């Protein structure tokens, strides 16, 4: 009963804190806002599910993540979108692709270091029964 929602409240606070650390990292500025179809008109022809850190924050606040796993799915989507969309020619292209990997690696490192595995396992199993 009441305890299931304290897990989720605590997960959201943790996720808010991780996302804020990612979003203020200068390396990841390019991921803090949606890709702009006016600037990149062909983006929608490559990427079916856009994702960025400001959307991740909105999703946290709107209770769209019940697990760190679903949260990392969206981090992963940000990275995999950047790798699928951006070619590997220019230095600017390489830079944004490396940044996308570094975003994923940093989120995973933070979560590996700070997240209690039994707290995550509880989250996942509450999500299951529901």
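Residue numbers count along the first chain shown, from 1.
Looking at 75-83 and 38-46 together, the entry lists the larger mean B-factor for 38-46, computed on C-alpha atoms. Stretches 85-93 and 49-57 differ in mean C-alpha B factor, with the higher average recorded for 85-93.
Per the PDB record, residue ranking by Cα B-factor puts residue 19 in the lowest third of the chain. Among the modelled residues of its chain, residue 110 has a C-alpha B-factor that falls in the highest third according to the deposited record.
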